[PDB]
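*Asks:* If it helps, the file is called data_31.cif and holds mmCIF, C-alpha atoms:
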```cif
data_input
loop_
_atom_site.label_atom_id
_atom_site.label_comp_id
_atom_site.auth_asym_id
_atom_site.auth_seq_id
_atom_site.Cartn_x
_atom_site.Cartn_y
_atom_site.Cartn_z
CA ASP A 100 100.84 -7.94 162.36
CA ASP A 101 101.34 -7.94 158.58
CA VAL A 102 99.37 -5.75 156.16
CA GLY A 103 96.58 -7.67 154.44
CA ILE A 104 96.71 -8.25 150.71
CA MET A 105 93.71 -10.34 149.68
CA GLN A 106 90.48 -8.33 149.72
CA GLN A 107 89.24 -8.38 153.33
CA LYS A 108 85.64 -9.06 154.35
CA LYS A 109 83.92 -5.90 155.66
CA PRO A 110 80.86 -4.91 157.72
CA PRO A 111 77.81 -3.81 155.65
CA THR A 112 77.91 -0.05 155.02
CA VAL A 113 74.55 1.67 155.59
CA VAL A 114 74.56 5.20 154.23
CA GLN A 115 72.64 7.65 156.39
CA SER A 116 71.88 10.66 154.25
CA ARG A 117 70.99 13.34 156.74
CA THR A 118 69.26 16.43 155.33
CA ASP A 119 67.87 19.70 156.68
CA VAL A 120 65.14 17.78 158.49
CA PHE A 121 64.29 14.10 158.97
CA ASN A 122 62.40 11.71 161.22
CA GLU A 123 64.95 9.44 162.84
CA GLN A 124 63.54 6.04 163.86
CA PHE A 125 65.35 3.02 165.17
CA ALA A 126 63.03 0.10 164.59
CA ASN A 127 64.93 -2.73 162.87
CA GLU A 128 68.34 -1.19 163.47
CA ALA A 129 70.99 -3.87 162.88
CA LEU A 130 72.72 -5.37 165.94
CA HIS A 131 75.80 -6.55 164.04
CA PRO A 132 78.67 -4.09 163.67
CA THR A 133 77.84 -1.62 160.89
CA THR A 134 79.40 1.34 159.10
CA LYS A 135 77.30 4.46 159.35
CA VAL A 136 78.43 6.86 156.61
CA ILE A 137 76.86 10.22 155.77
CA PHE A 138 77.98 10.95 152.19
CA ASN A 139 77.52 9.00 148.96
CA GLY A 140 80.70 9.76 147.04
CA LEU A 141 83.48 8.74 149.39
CA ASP A 142 85.73 7.08 146.80
CA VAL A 143 87.50 10.45 146.69
CA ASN A 144 91.17 9.38 146.63
CA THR A 145 91.39 8.84 142.88
CA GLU A 146 94.80 10.16 141.83
CA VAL A 147 97.23 7.24 142.02
CA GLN A 148 100.94 7.81 142.77
CA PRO A 149 103.19 5.20 141.16
CA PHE B 1088 83.51 -8.91 175.42
CA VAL B 1089 80.89 -7.42 177.74
CA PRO B 1090 81.10 -3.66 177.88
CA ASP B 1091 81.23 -2.43 181.47
CA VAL B 1092 78.53 0.00 182.55
CA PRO B 1093 79.94 3.57 182.81
CA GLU B 1094 80.39 5.43 186.09
CA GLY B 1095 77.36 7.73 185.85
CA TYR B 1096 74.59 5.24 185.12
CA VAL B 1097 71.62 4.45 187.34
CA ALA B 1098 70.23 0.92 187.52
CA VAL B 1099 66.50 0.79 186.76
CA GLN B 1100 64.28 -2.30 186.53
CA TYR B 1101 62.08 -2.21 183.46
CA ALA B 1102 58.38 -1.98 184.26
CA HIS B 1103 55.28 -1.10 182.27
CA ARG B 1104 54.60 1.65 184.82
CA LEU B 1105 57.69 3.62 183.72
CA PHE B 1106 56.41 4.29 180.20
CA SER B 1107 53.29 6.24 179.30
CA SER B 1108 51.53 8.48 176.81
CA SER B 1109 52.00 12.22 177.32
CA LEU B 1110 51.61 15.64 175.75
CA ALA B 1111 54.85 17.20 174.61
CA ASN B 1112 54.85 19.92 171.98
CA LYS B 1113 51.64 18.74 170.30
CA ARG B 1114 52.54 15.05 170.13
CA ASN B 1115 51.52 12.01 172.16
CA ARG B 1116 55.01 10.92 173.00
CA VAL B 1117 56.03 7.77 174.91
CA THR B 1118 57.36 9.50 178.05
CA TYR B 1119 59.65 7.67 180.50
CA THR B 1120 59.63 8.88 184.12
CA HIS B 1121 62.97 8.38 185.83
CA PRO B 1122 62.29 6.53 189.10
CA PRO B 1123 64.78 8.54 191.17
CA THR B 1124 64.26 12.15 190.05
CA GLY B 1125 60.64 11.42 189.09
CA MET B 1126 61.18 13.64 186.04
CA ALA B 1127 59.34 12.78 182.80
CA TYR B 1128 61.25 12.71 179.51
CA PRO B 1129 59.03 12.39 176.40
CA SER B 1130 62.03 12.24 174.06
CA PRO B 1131 64.46 9.31 173.69
CA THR B 1132 67.05 12.10 173.39
CA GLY B 1133 68.35 13.72 176.57
CA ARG B 1134 67.20 11.13 179.10
CA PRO B 1135 69.50 10.46 182.08
CA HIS B 1136 72.09 7.71 181.60
CA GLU C 1038 78.05 75.27 133.61
CA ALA C 1039 76.47 72.14 132.21
CA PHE C 1040 79.96 70.63 131.70
CA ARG C 1041 81.31 70.97 135.24
CA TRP C 1042 79.80 67.61 136.28
CA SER C 1043 78.54 64.73 134.16
CA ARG C 1044 76.15 63.76 136.93
CA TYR C 1045 76.99 60.21 135.84
CA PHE C 1046 75.21 61.17 132.63
CA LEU C 1047 71.74 60.75 134.16
CA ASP C 1048 68.74 63.15 134.20
CA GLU C 1049 67.91 65.08 137.40
CA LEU C 1050 64.64 63.18 137.85
CA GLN C 1051 66.61 59.97 137.56
CA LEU C 1052 68.92 60.99 140.38
CA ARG C 1053 65.97 62.13 142.48
CA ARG C 1054 64.10 58.83 142.12
CA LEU C 1055 67.42 57.11 142.54
CA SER C 1056 67.82 58.33 146.11
CA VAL C 1057 64.41 56.82 146.95
CA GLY C 1058 65.54 53.63 145.28
CA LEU C 1059 68.54 53.60 147.55
CA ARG C 1060 66.23 53.84 150.52
CA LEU C 1061 64.31 50.86 149.11
CA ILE C 1062 67.38 48.76 148.43
CA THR C 1063 68.62 48.84 152.03
CA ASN C 1064 65.38 48.21 153.86
CA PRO C 1065 65.94 45.28 156.21
CA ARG C 1066 62.73 43.62 154.98
CA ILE C 1067 64.10 43.19 151.46
CA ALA C 1068 67.37 41.67 152.74
CA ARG C 1069 66.24 38.07 152.53
CA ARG C 1070 69.52 36.67 151.28
CA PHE C 1071 70.87 35.03 154.43
CA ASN C 1072 74.52 34.32 155.29
CA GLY C 1073 75.89 31.25 157.04
CA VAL C 1074 74.34 28.21 158.69
CA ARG C 1075 74.74 26.43 162.02
CA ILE C 1076 74.79 22.64 161.80
CA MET C 1077 73.58 21.02 165.01
CA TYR C 1078 71.95 17.65 165.73
CA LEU C 1079 68.77 18.46 167.57
CA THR C 1080 65.14 17.38 167.94
CA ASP C 1081 62.71 19.71 166.16
CA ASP C 1082 59.73 19.91 168.50
CA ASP C 1083 57.82 23.22 168.11
CA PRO C 1084 59.52 24.73 165.02
CA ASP C 1085 59.90 28.47 164.51
CA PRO C 1086 61.96 29.97 161.65
CA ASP C 1087 63.46 32.63 163.96
#
```
Let me see the structure of the file written as structure tokens.
*Replies:*
Amino acid sequence: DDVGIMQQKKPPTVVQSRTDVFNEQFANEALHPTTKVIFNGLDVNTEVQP
Amino acid sequence: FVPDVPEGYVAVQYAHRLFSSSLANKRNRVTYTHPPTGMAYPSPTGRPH
Amino acid sequence: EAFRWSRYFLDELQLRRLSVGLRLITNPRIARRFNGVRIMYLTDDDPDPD
């Protein structure tokens, strides 16, 4: 139940970068759980609150 | 875990006869013809569950 | 009489051409700055810009 403290292991995070137009193909898609993510710069919560 | 199949799905045995070449908007797409409705769907998108 | 209106301090030929310019500057064909986009995931068989 407790909040984790040590850095947890995570699924690999493939970054789809969808544009105006693109040719989606699904050969060699991974079967393991995976994090689809559309944007590059998602480390957006920078401003720390002591 | 084995995800249960959803209420709307139709069971369909795979067979080489189901899949074929076809014209669809100037491309030779790999159409699948649904055995019940008989309808051909060239695109992987929009096929019946 | 020349003082009653500045006429924006432009010559009469300038105002006359100017009205034609105003016809030019509102023609729908020139208005190729477009406003707003629809985002929608969708196969692009048979494209047409319209």
*Asks:* Would you translate the PyMOL selection byres ((chain B and resi 1107-1124) around 10) into the concrete set of residues it matches in this file, as number ranges by chain?
*Replies:* B: 1097-1100, 1103-1106, 1125-1131, 1134-1135; C: 1081-1084
*Asks:* Just the selected residues (C-alpha atoms), exported as a PDB file, in the coordinates of the input, please.
*Replies:*
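File again-v3.pdb, as written:
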```pdb
ATOM      1  CA  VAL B1097      71.620   4.450 187.340  1.00  0.00           C
ATOM      2  CA  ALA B1098      70.230   0.920 187.520  1.00  0.00           C
ATOM      3  CA  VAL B1099      66.500   0.790 186.760  1.00  0.00           C
ATOM      4  CA  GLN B1100      64.280  -2.300 186.530  1.00  0.00           C
ATOM      5  CA  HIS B1103      55.280  -1.100 182.270  1.00  0.00           C
ATOM      6  CA  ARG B1104      54.600   1.650 184.820  1.00  0.00           C
ATOM      7  CA  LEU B1105      57.690   3.620 183.720  1.00  0.00           C
ATOM      8  CA  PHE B1106      56.410   4.290 180.200  1.00  0.00           C
ATOM      9  CA  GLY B1125      60.640  11.420 189.090  1.00  0.00           C
ATOM     10  CA  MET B1126      61.180  13.640 186.040  1.00  0.00           C
ATOM     11  CA  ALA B1127      59.340  12.780 182.800  1.00  0.00           C
ATOM     12  CA  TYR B1128      61.250  12.710 179.510  1.00  0.00           C
ATOM     13  CA  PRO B1129      59.030  12.390 176.400  1.00  0.00           C
ATOM     14  CA  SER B1130      62.030  12.240 174.060  1.00  0.00           C
ATOM     15  CA  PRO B1131      64.460   9.310 173.690  1.00  0.00           C
ATOM     16  CA  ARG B1134      67.200  11.130 179.100  1.00  0.00           C
ATOM     17  CA  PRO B1135      69.500  10.460 182.080  1.00  0.00           C
TER      18      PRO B1135
ATOM     19  CA  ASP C1081      62.710  19.710 166.160  1.00  0.00           C
ATOM     20  CA  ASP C1082      59.730  19.910 168.500  1.00  0.00           C
ATOM     21  CA  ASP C1083      57.820  23.220 168.110  1.00  0.00           C
ATOM     22  CA  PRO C1084      59.520  24.730 165.020  1.00  0.00           C
TER      23      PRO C1084
END
```
*Asks:* With only C-alpha atoms counted and 12 Å as the cut-off, give the residues of chain A in contact with chain B, each with its shortest interatomic distance in Å and the pair that gives it, as CSV.
*Replies:*
```
residue,atom,partner,partner_atom,distance
A:123,CA,B:1131,CA,10.9
A:124,CA,B:1131,CA,10.4
A:125,CA,B:1131,CA,10.6
```
*Asks:* Output as a ChimeraX atom specification the set of chain C residues within 10 Å of chain A, with distances taken over only C-alpha atoms.
*Replies:* /C:1076,1078-1081
*Asks:* Grab the residues selected above and save them as a PDB file, in the frame of the given file with C-alpha atoms.
*Replies:*
```
ATOM      1  CA  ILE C1076      74.790  22.640 161.800  1.00  0.00           C
ATOM      2  CA  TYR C1078      71.950  17.650 165.730  1.00  0.00           C
ATOM      3  CA  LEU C1079      68.770  18.460 167.570  1.00  0.00           C
ATOM      4  CA  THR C1080      65.140  17.380 167.940  1.00  0.00           C
ATOM      5  CA  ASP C1081      62.710  19.710 166.160  1.00  0.00           C
TER       6      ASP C1081
END
```
*Asks:* Provide the atom CA of residue 1073 of chain C to atom CA of residue 144 of chain A distance in Å, to one decimal place.
*Replies:* 28.6 Å
*Asks:* Would you pick out the contacts of segment 1053-1065 of chain C at 12 Å or less, using all atoms listed in the file, so that residues sharing its chain but fewer than 6 positions from it are not included, and give the list as a list in words?
*Replies:*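 My list of contacting residues is residues 1044, 1047 and 1071 of chain C.
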*Asks:* So what do you get for atom CA of residue 1051 of chain C versus atom CA of residue 1067 of chain C, distance-wise?
*Replies:*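 Computing the Euclidean distance for atom CA of residue 1051 of chain C and atom CA of residue 1067 of chain C yields 21.9 Å.
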*Asks:* Please complete segment 1043-1070 of chain C with N, CA and C atoms and give it back as a CSV table (one decimal), keeping the file's coordinate frame.
*Replies:*
```csv
chain,number,residue,atom,x,y,z
C,1043,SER,N,79.3,65.6,135.0
C,1043,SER,CA,78.5,64.7,134.2
C,1043,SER,C,77.2,64.3,134.8
C,1044,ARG,N,77.2,64.3,136.1
C,1044,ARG,CA,76.2,63.8,136.9
C,1044,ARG,C,75.9,62.3,136.5
C,1045,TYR,N,77.0,61.6,136.3
C,1045,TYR,CA,77.0,60.2,135.8
C,1045,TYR,C,76.2,60.0,134.5
C,1046,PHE,N,76.0,61.1,133.8
C,1046,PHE,CA,75.2,61.2,132.6
C,1046,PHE,C,73.8,60.6,132.8
C,1047,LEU,N,73.1,61.1,133.9
C,1047,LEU,CA,71.7,60.8,134.2
C,1047,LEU,C,70.9,62.0,134.4
C,1048,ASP,N,69.6,62.0,134.0
C,1048,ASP,CA,68.7,63.2,134.2
C,1048,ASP,C,68.5,63.4,135.7
C,1049,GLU,N,68.1,64.7,136.0
C,1049,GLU,CA,67.9,65.1,137.4
C,1049,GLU,C,66.8,64.3,138.1
C,1050,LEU,N,65.7,64.0,137.3
C,1050,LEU,CA,64.6,63.2,137.8
C,1050,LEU,C,65.1,61.8,138.1
C,1051,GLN,N,66.1,61.3,137.3
C,1051,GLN,CA,66.6,60.0,137.6
C,1051,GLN,C,67.4,59.9,138.9
C,1052,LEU,N,68.2,60.9,139.1
C,1052,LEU,CA,68.9,61.0,140.4
C,1052,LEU,C,68.0,61.1,141.6
C,1053,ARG,N,66.9,61.9,141.4
C,1053,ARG,CA,66.0,62.1,142.5
C,1053,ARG,C,65.2,60.8,142.8
C,1054,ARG,N,64.8,60.1,141.8
C,1054,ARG,CA,64.1,58.8,142.1
C,1054,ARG,C,65.1,57.8,142.7
C,1055,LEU,N,66.3,58.0,142.2
C,1055,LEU,CA,67.4,57.1,142.5
C,1055,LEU,C,67.7,57.1,144.0
C,1056,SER,N,67.6,58.3,144.7
C,1056,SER,CA,67.8,58.3,146.1
C,1056,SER,C,66.7,57.5,146.9
C,1057,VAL,N,65.5,57.6,146.4
C,1057,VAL,CA,64.4,56.8,147.0
C,1057,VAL,C,64.7,55.3,146.7
C,1058,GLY,N,65.3,55.0,145.6
C,1058,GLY,CA,65.5,53.6,145.3
C,1058,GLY,C,66.6,53.1,146.3
C,1059,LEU,N,67.5,54.0,146.6
C,1059,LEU,CA,68.5,53.6,147.6
C,1059,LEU,C,68.0,53.4,148.9
C,1060,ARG,N,66.9,54.1,149.3
C,1060,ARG,CA,66.2,53.8,150.5
C,1060,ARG,C,65.5,52.5,150.4
C,1061,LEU,N,65.0,52.1,149.3
C,1061,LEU,CA,64.3,50.9,149.1
C,1061,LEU,C,65.2,49.7,149.2
C,1062,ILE,N,66.5,49.9,148.7
C,1062,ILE,CA,67.4,48.8,148.4
C,1062,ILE,C,68.2,48.4,149.7
C,1063,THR,N,67.9,49.1,150.8
C,1063,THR,CA,68.6,48.8,152.0
C,1063,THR,C,67.7,48.6,153.2
C,1064,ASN,N,66.4,48.5,152.8
C,1064,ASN,CA,65.4,48.2,153.9
C,1064,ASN,C,65.6,46.8,154.3
C,1065,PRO,N,65.6,46.6,155.6
C,1065,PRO,CA,65.9,45.3,156.2
C,1065,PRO,C,65.0,44.2,155.7
C,1066,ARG,N,63.7,44.6,155.4
C,1066,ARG,CA,62.7,43.6,155.0
C,1066,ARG,C,63.1,43.0,153.6
C,1067,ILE,N,63.7,43.7,152.7
C,1067,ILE,CA,64.1,43.2,151.5
C,1067,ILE,C,65.3,42.2,151.6
C,1068,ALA,N,66.1,42.3,152.6
C,1068,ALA,CA,67.4,41.7,152.7
C,1068,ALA,C,67.3,40.2,153.1
C,1069,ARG,N,66.6,39.4,152.2
C,1069,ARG,CA,66.2,38.1,152.5
C,1069,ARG,C,67.2,37.1,152.0
C,1070,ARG,N,68.4,37.5,151.6
C,1070,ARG,CA,69.5,36.7,151.3
C,1070,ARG,C,70.3,36.5,152.6
```
